[PDB]
Structure formats: C-alpha cells, structure tokens
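Visitor: Protein chains in written order, with PDB author numbering: chain A, 542 to 596; chain B, 168 to 632; chain C, 157 to 321. In this text, a Cβ means the ideal position worked out from N, Cα and C, and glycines have one as well.
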Amino acid sequence: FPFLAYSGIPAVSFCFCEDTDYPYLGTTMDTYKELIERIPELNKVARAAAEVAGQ
Amino acid sequence: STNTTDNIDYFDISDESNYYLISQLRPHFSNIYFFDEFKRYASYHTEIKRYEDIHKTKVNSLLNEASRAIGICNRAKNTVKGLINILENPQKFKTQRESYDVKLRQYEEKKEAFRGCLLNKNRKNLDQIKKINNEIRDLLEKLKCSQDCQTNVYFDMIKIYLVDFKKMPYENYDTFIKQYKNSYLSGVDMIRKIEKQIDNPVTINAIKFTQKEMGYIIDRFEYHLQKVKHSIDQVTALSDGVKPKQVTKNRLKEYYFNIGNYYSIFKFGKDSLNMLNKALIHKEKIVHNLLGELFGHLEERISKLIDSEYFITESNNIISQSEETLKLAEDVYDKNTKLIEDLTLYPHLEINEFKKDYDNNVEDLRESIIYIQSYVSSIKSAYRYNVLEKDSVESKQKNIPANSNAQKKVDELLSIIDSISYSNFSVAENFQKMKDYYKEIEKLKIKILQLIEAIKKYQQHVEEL
Amino acid sequence: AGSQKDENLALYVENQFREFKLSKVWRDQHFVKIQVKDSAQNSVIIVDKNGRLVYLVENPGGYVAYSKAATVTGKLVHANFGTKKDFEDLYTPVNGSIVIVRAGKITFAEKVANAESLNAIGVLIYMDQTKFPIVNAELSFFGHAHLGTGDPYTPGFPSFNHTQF
Ligand SMILES: *[C@@H]1O[C@H](CO)[C@@H](O[C@@H]2O[C@H](CO)[C@@H](O)[C@H](O)[C@H]2NC(C)=O)[C@H](O)[C@H]1NC(C)=O
Ligand SMILES: *[C@@H]1O[C@H](CO)[C@@H](O)[C@H](O)[C@H]1NC(C)=O
Ligand SMILES: [Ca+2]
Numbered sequence: 542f543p544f545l546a547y548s549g550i551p552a553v554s555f556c557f558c559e560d561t562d563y564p565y566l567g568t569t570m571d572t573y574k575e576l577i578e579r580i581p582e583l584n585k586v587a588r589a590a591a592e593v594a595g596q
Numbered sequence: 168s169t170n171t172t173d174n175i176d177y178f179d180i181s182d183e184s185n186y187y188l189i190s191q192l193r194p195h196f197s198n199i200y201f202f203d204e205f206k207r208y209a210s211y212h213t214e215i216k217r218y219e220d221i222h223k224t225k226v227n228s229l230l231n232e233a234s235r236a237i238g239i240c241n242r243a244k245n246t247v248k249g250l251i252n253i254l255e256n257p258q259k260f261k262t263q264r265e266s267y268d269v270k271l272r273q274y275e276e277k278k279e280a281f282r283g284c285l286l287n288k289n290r291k292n293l294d295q296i297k298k299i300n301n302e303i304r305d306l307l308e309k310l311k312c313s314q315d316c317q318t319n320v321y322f323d324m325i326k327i328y329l330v331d332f333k334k335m336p337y338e339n340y341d342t343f344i345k346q347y348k349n350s351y352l353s354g355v356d357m358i359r360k361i362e363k364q365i366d367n368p369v370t371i372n373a374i375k376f377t378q379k380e381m382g383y384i385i386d387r388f389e390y391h392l393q394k395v396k397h398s399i400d401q402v403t404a405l406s407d408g409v410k411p412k413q414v415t416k417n418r419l420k421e422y423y424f425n426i427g428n429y430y431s432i433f434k435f436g437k438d439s440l441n442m443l444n445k446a447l448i449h450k451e452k453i454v455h456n457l458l459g460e461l462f463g464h465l466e467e468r469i470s471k472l473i474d475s476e477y478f479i480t481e482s483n484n485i486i487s488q489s490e491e492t493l494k495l496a497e498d499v500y501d502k503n504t505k506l507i508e509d510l511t512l513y514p515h516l517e518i519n520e521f522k523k524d525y526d527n528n529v530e531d532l533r534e535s536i537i538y539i540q541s542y543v544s545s546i547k548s549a550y551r552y553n554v555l556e557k558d559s560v561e562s563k564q565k566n567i568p569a570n571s572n573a574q575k576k577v578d579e580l581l582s583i584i585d586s587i588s589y590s591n592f593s594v595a596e597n598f599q600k601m602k603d604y605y606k607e608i609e610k611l612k613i614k615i616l617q618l619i620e621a622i623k624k625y626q627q628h629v630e631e632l
Numbered sequence: 157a158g159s160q161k162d163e164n165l166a167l168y169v170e171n172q173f174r175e176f177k178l179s180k181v182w183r184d185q186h187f188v189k190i191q192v193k194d195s196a197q198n199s200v201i202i203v204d205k206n207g208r209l210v211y212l213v214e215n216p217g218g219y220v221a222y223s224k225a226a227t228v229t230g231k232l233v234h235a236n237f238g239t240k241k242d243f244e245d246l247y248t249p250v251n252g253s254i255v256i257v258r259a260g261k262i263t264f265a266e267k268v269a270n271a272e273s274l275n276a277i278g279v280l281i282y283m284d285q286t287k288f289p290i291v292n293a294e295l296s297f298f299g300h301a302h303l304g305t306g307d308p309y310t311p312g313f314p315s316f317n318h319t320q321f
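(1) Counting only beta-carbon atoms, is residue 607 of chain B nearer than 7 Å to chain C?
(2) Around ligand 3, which residues pass a check of Cβ closer than 7 Å to any of its heavy atoms?
(3) Along the region 277-288 of chain C, what residues have a CB closer than 7 Å to any CB found in chain A?
(4) Measure from the alpha carbon of residue 315 of chain B to the alpha carbon of each residue in B:518, B:412, B:236 and B:327, then state which is nearest.
(5) Taking only the alpha-carbon atoms, compute the straight-line gap between residue 218 of chain B and residue 211 of chain B and give it to the nearest angstrom.
(6) Along the region 552-586 of chain A, where does the CB come closer than 7 Å to a CB of chain C? Name the residues.
(7) Hey, does residue 171 of chain C have any beta-carbon neighbour from chain B nearer than 7 Å?
(8) Identify each residue in the region 579-600 of chain B for which the Cβ-Cβ distance to at least one residue of chain C is less than 7 Å, and report them in chain order.
(9) Can you tell which of B:237, B:320 and B:356 has the C-alpha that lies nearest to the C-alpha of residue 578 of chain B?
(10) Roughly how many whole angstroms lie between the Cα atoms of residue 186 of chain C and residue 404 of chain B?
(11) Is any non-hydrogen atom of ligand 2 found closer than 6 Å to the C-beta of residue 387 of chain C, if you look at the structure I gave you?
(12) Quick check: does the Cβ of residue 187 of chain C come within less than 6 Å of any heavy atom belonging to ligand 1?
(13) Is DSSP giving residue 297 of chain C helix, strand or coil here?
(14) Kindly identify the DSSP beta-bridge partner or partners of residue 568 of chain A.
(15) Applying a beta-carbon distance threshold of less than 7 Å, which residues of chain C neighbour residue 337 of chain B?
(16) Suppose contacts are defined by Cβ-Cβ distances below 7 Å. Is residue 225 of chain B in contact with residue 299 of chain B by that definition?
(17) Should residue 317 of chain C be counted as a contact of ligand 1 given a C-beta to heavy atom distance under 6 Å?
(18) With which residues is residue 278 of chain C paired in a DSSP beta bridge?
(19) Report the option in B:410, B:297, B:623 and B:630 whose CA atom is closest to the CA atom of residue 517 of chain B.
(20) Can you tell me the Cα-Cα spacing of residue 550 of chain B and residue 292 of chain C, whole angstroms?
(21) Do the region 521-534 of chain B and the region 461-478 of chain B meet, that is, are 3 or more Cβ pairs less than 8 Å apart?
(22) Go through the region 253-311 of chain B residue by residue and report every complete run of the alpha helix (DSSP H) that reaches 4 residues or more, in order.
(23) Indicate the three-state DSSP secondary structure (helix, strand or coil) for residue 181 of chain B in the structure shown.
(24) Please list the partners that residue 217 of chain C has in chain B, where partner means a Cβ-to-Cβ separation under 7 Å.
(25) Could you give the residue range of the alpha helix (DSSP H) that holds residue 534 of chain B?
(26) Among the candidates B:492, B:500, B:592 and B:443, whose CA atom is the shortest distance from the CA of residue 572 of chain A?
(27) With distances taken Cα to Cα, identify the nearest neighbour of residue 433 of chain B among B:610, B:337 and B:245.
(28) Please go through the same chain and pick out, in chain order, the residues whose beta-carbon is closer than 7 Å to the beta-carbon of residue 600 of chain B, but skip the five residues on each side of it.
(29) Are the beta-carbon atoms belonging to residue 391 of chain B and residue 431 of chain B less than 7 Å from one another?
(30) Kindly indicate which residue of B:532, B:384, B:608 and B:624 has the alpha-carbon position closest to the one of residue 441 of chain B.
(31) Whole angstroms is fine: what's the gap from residue 301 of chain C's alpha carbon to residue 268 of chain C's?
(32) Given residue 657 of chain B, which residues of its chain have a CB within under 8 Å of its CB, disregarding the five upstream and five downstream residues?
(33) If you check the beta carbons only, do residue 550 of chain A and residue 544 of chain A fall under 7 Å apart?
(34) Excluding sequence positions up to five away, which residues of its chain have a Cβ less than 7 Å from the Cβ of residue 590 of chain A?
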C-alpha cells in the first residue's frame, strides 16, 4: 500500500490464506512448533508460494 | 561395524593446468582406455596394425611406470592411513597423548605429501603421454587415403558405443547421490547445533572429521558423474545427425579423437563411480556408529532441562503458599463472623458515624475475600496452561523413541529440545503474571489483618456504649 | 526493531547476499523514533465507586505502539469492531468513556481513530474465542496505532542525517 498508493508503482501481495484468521499472529506464541502443528506439511506449501513469486 | 575404512583409494590429484586427471584405480588415466579403443581402431586396418604392435609395447611400458609410482604412493599411503585410523575411532584417539588439532594438522600435511608423490611421478608419466599421443597424431597423418576413405568405422563405433551406454545404470546413481547429499547437509546442520548443545567434545570431533572426508567424497562423485553424463549426451548428440559417406583426412581425425575421447571418459567414469559408491556407503555406516554413541548423553540433557525450564517447584510454592493465605483468611474471618453477626444486631441505631465506619470496613472485608478467591482462580488458570505446555512436550516425548531408526532419533531429540527452547518465551510471561498476583495477595493479607483488628476494637467500642 | 539480534540477522542476510555472488549488495541505515516499554508496568484495574480498595486485572505483556502516555478512569462500553457502521448502531452514547473492542476486520489505527472521532477517552482491545480459537486465554499481543505509514515524526521527508531532524 505505500508502494502503490504513494509512489505509483504496481504492487502485488498474495497469501495461502485460511477461511478463519490465523489465531496467533502478533502474539508471543507464534513459533515454528505451533506452525508445523497447524500446517502439517510446510515444504510443499512454501514450495508453491516460492514458485508463484518466481513466475 | 568397523571403526576404520578399508580402501583409501578415493584420494586423487590432477595436474595444475587441469589437462589430465589421474586416479588411484587401474589404469590411473583415461587416455590409456583411449589407447585401447585406439588399439581396436588400429586392428581395423593394416597400415595402423603395425602401430597396434608398437603402442602395445609402449602403453604396456607406461602402465608399468604408473603401477610402480602407485607403489611408492602406497608406502606413503599407509602413513596417511594411520592418521585416519587415529581420528575416526574415539578410544584409539584416547590411547595416545597427542591432542586433536595437532593430529589433524599432521593429517593435512601427510595428505599434501601423498598428493604430491602421485603428482610428481605422474608428471614424468605425463611427459611419456605427450610423446605417445604425439605418435598417435603421426598415425592419422600417416594414412594413405587423403579423402578416399569412408565413415563406416565411425558410425559402427557409434552403434557399439550406444549399446554400451544403454547397458550402464545412471538413474540409481543419480537418485543415490541426491538422497545421500540431502542426508549429508542435514547431518552438517544437526552436528552444528549439537556441538553447542552437548558436553563431551571427543565424539563430536571424530564426527566432524568424517563430515569433512564425506564432503570430499561427494565432490569427487559429482565430478565423475557430471563428466559421464556430458559424455553420453555428446555421443547421442553425434548419434542424431546428418550422415556423411566421404571425409577428408583432417576432419575425420578430429571425429575419431572426439568419439574415442568420449567413450574413454565413460569407461574411466563408471569405475570411479563404482569405488566412490562403495567407500561412500562405508563412511555413512561409520557416522551412524558414532551418533548411536551420542544420543544417550543427549537424552540425559533433555531430561535435565525439562525440570529446569518450566518453573514448576517455584510455581507450586506460590500456589500452596497462596492457598495457605486463603485458608488463614477464612479461618480468622469465620472466627470473627459469629461476633460480627452479633455486632450488627447489637447497636440498635444508637450511634451513626461509627456505624458508617463499621459497614465501610465490612464491605471492605467481604469484597476483599472474594477478590482473594478470584486471584487464586487466575493463578491456577495460568499454571494449568503452563502445565498443558509441559504435558504436550512429554506426550511428544513418549512417542519419540518408539520409532528407533538409528539416525533420525538424534534428530527427534534435537527437535524436542528445540521445542522447549521455543516454549520458554511464553512460559516466562505466565510465571511473571503469577508473581504479580501473589504480590496482590500479600497486599490483601495486610488489608484483611488491619481491618479485622479494627473490627475487634470496634466491638470493644460498642460494648462501651 | 533496532535490537542487537536484528543486527545479527542483518549481517547474516548481507553475508548471504555477498555469498550468493549477486552483482552488487548494499546496506542503508536510518534513524527513527519508535515507542517502547519502560520500567513502570502499564496496567488495568477495576476501580470501585467507593474507591476504598483496588482490584487488579493483569499486567499485560503486550503494548500498543504510538499510544499516548496517560492514565484514565471511567466506564467501559463494548464496541464490537469499532467500524463506523458498528458505531452508528450502538445503543449507548460513547462520549467521556472507554471502549473495548475485539480484534479483527480492520487495523488498530482505524479503531482508535474512529473511537477518537466519537470523543472516547481510551481503547482496550482483545481477542475472543469465536474469531480466534486458542487453547490458553493468557497470551498477549502487539500492534501499532498510527493511521498511515512511515516514521511519524518525519512526514513526507526521509529520516536521514541530512535533514537535521
Ligand atoms: C545522525 O543522527 C543521529 C541521530 O539518531 C546521531 O546519533 C546520536 O547522536 C547523539 C548525540 O551525540 C547520541 O545520542 C548518539 O551518538 C546517537 N544516538 C543513537 C541512539 O545512536 C548521529 O550522531 C548523527 N550523525 C552521524 C554522523 O551519524
Ligand atoms: C459528552 O460529554 C458530556 C457527558 O455526557 C455531555 O454533557 C456532552 O453533551 C457530550 N458531548 C460533547 C460534545 O461534549
Ligand atoms: Ca519520512
């Protein structure tokens, strides 16, 4: 939003999001253990998002 | 298994200009294979079959020189081998008095010396090679046909080389070095963490040394693998193509040297990949045999650390102490409740201002005790979330060692100790807030004491009225 | 922001970009003004009408960035999301009072800006079970409340040493 709204550069942002909000986002709990407990396979998902940003 | 390695044959050297690659296995250069394929080339015609006689003798002489030079590098190779066997086995290192960094230092020195003996004696071998393939250049300048001769031997040798390329298994080597590389880089990272974790550095020194040697083996295996794949791909690139029937002498010479160089690279390559495969699997077995000695000590650190982190005995001190204060508060409170219930009915509205003082302090009493109850409820709530963290770690810790696969077990123990390292960040805040509520309990204990003393002097007052 | 660990990860990433052999790797630095905690704990308390005795709720680990350093007493009104639509359908007047909202649907700064526009005096923000199902009810979180972006003490011009601050 500062890039697009301020400087006038076309900007993009994308997430593999879930229907409900991610519960502990700016909290003290957010760590790799609760992450990999939440998303059971992480390497394929981040593999896909890195593939999109490569494209 | 065995703590030491049998074959020391993976060490190698090439010339400084990168023009010639040597090896430890027979016949230590690829261009000898090029001279054997050139020898069946020389058996194909007559003008060059006089030369298959001649360089039969010559290449045999060069083979004797290379074998003798490798013999001198055998009597150096034992001097390297002893320094390997000191470093790989921990108790064999524990017998001597010499420290680790000095023995690794002399190991580097003797490795450079061994590599030096193969280098220099093979330099004299390379002077012999330049004489030989110079006379090979004289052969394909010696041929009687200037542009008469055909391309039939070339395409036939495309066919023979193509079937031999169809013979060899490439994909299992490829997937093999991918799997072994992935396990290797994972091993380097987990040894890097576990170095800072564990206490005893002897085993971790031997492991780290074997990691270095394994990395050297992996790089050699990649070099021979990529060279084999490039050779087969270039031969299929020749196997595409537009076919000529008539050739001049100079270009046919370049074609023959090209394809002969290619299959020579191949037949050297599969042998090098074979030996590197075998010794590589042996070193993998050694690193298994060391990590198996490590994980029992690692489990002792985990069991020590779980009691340390989650702040448990201090917490139970806070909870039992706070419930003790609640018990004393209800005890002295009820002990005065009978006299208070007499004191409220006693005055008969005789006094007003001090009655206002009384029901001030009474409401302060009741609301204070209920506030103590809500405080204790909060403390026990934060504590049960903290214990829920701990029992999540223990419930993982039960199902970790049931797997038993001798290399991932260290990784799961490192994963769980990494999980307590994650959990500290939030557990600290829980314990902090429990300390704050206990400070509140102390202040309310002071208030309930002075209020009860006030009520005692108050009943003395209304008894005076 | 600006802690020592951030500089360790910083020199780690710059060390990586140097190691990947990019065509040019370069570093820039600024000097900004942020909002951090102090020694005195910020807290929230039920005050009785009598004022005789004091009840603690918690000493929360979280803090909101760019809040005003103050202390307020007053009544508390639930203000579901603080959206303008959610303020227009509100039963009670909002002036001279503290609002409590639950986290979601908009940034913190638009909640504080809207409740400031209807002349409230303070904002408490939580997260609850229906939107955020978490096992423990004890963890605390972080947010900034600056409407708009940027270093707020240099609007429009950059925060270098050249601009004299
Ligand atoms: C650039 O501006 C910064 C302002 O952040 C100056 O750094 C501060 O200077 C004051 C006065 O000497 C001291 O508090 C510290 O030396 C600096 N503060 C911090 C937090 O680092 C700085 O001197 C200016 N000039 C240069 C050349 O950097
Ligand atoms: C809000 O403050 C007081 C208290 O409710 C009230 O009298 C006043 O009219 C309200 N509005 C403004 C703009 O002050
Ligand atoms: Ca700015």
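Guide: Looking at the atomic coordinates:
(1) Answer yes: the Cβ-Cβ gap between residue 607 of chain B and chain C drops below 7 Å somewhere.
(2) Those residues, listed in chain order, are C:306, C:307, C:310, C:311, C:312, C:313, C:314 and C:315.
(3) Here the close residues are 287 and 288.
(4) It is B:412.
(5) C-alpha separation (whole angstroms): 11 Å.
(6) Going along the region 552-586 of chain A in chain order, one finds 562, 564, 565, 567, 568, 569 and 570 with a Cβ nearer than 7 Å to chain C.
(7) For residue 171 of chain C, the answer is no, since every Cβ of chain B falls outside 7 Å of its Cβ.
(8) Contacts with chain C (Cβ-Cβ distance below 7 Å) from the region 579-600 of chain B involve 593, 596, 597 and 600, listed in chain order.
(9) Comparing alpha carbon positions, the residue from B:237, B:320 and B:356 closest to residue 578 of chain B is B:356.
(10) Taking the straight line joining both Cα atoms gives about 57 Å.
(11) Given that chain C is displayed from residue 157 to residue 321, the structure contains no residue 387 of chain C and the question cannot be resolved.
(12) Set against 6 Å, the gap from the CB of residue 187 of chain C to the closest heavy atom of ligand 1 is smaller.
(13) Strand.
(14) Beta-bridge pairing links residue 568 of chain A to C:297.
(15) For residue 337 of chain B, none of the residues of chain C pass the 7 Å Cβ criterion, the least Cβ distance being about 30 Å.
(16) Yes, the Cβ-Cβ distance between residue 225 of chain B and residue 299 of chain B is below 7 Å.
(17) Answer for residue 317 of chain C: yes, Cβ within range of ligand 1.
(18) Beta-bridge pairing links residue 278 of chain C to C:254.
(19) Answer by Cα proximity: B:630.
(20) When only Cα atoms are considered, residue 550 of chain B and residue 292 of chain C end up about 10 Å apart.
(21) These segments do not touch.
(22) Listed in chain order, they are 257-262 and 267-306.
(23) Secondary structure at residue 181 of chain B: strand, using DSSP grouped into helix, strand and coil.
(24) Close partners of residue 217 of chain C in chain B (Cβ separation under 7 Å): 596.
(25) Per DSSP, the unbroken alpha helix (DSSP H) holding residue 534 of chain B starts and ends at 520-566.
(26) Comparing C-alpha distances from residue 572 of chain A to each of B:492, B:500, B:592 and B:443 shows the shortest one belongs to B:592.
(27) Distances from the alpha-carbon of residue 433 of chain B to those of B:610, B:337 and B:245 put B:337 closest.
(28) Around residue 600 of chain B: 549.
(29) Cβ distance not < 7 Å, so residue 391 of chain B and residue 431 of chain B don't count as in contact.
(30) Closest in alpha carbon position to residue 441 of chain B, among B:532, B:384, B:608 and B:624, is B:384.
(31) Cα to Cα, the separation comes out at about 7 Å.
(32) Past the edges of chain B, shown from 168 to 632, lies residue 657 of chain B, and the structure says nothing about it.
(33) Taking 7 Å as the Cβ cut-off, residue 550 of chain A and residue 544 of chain A qualify as a contacting pair.
(34) Only 557 meet the Cβ criterion.
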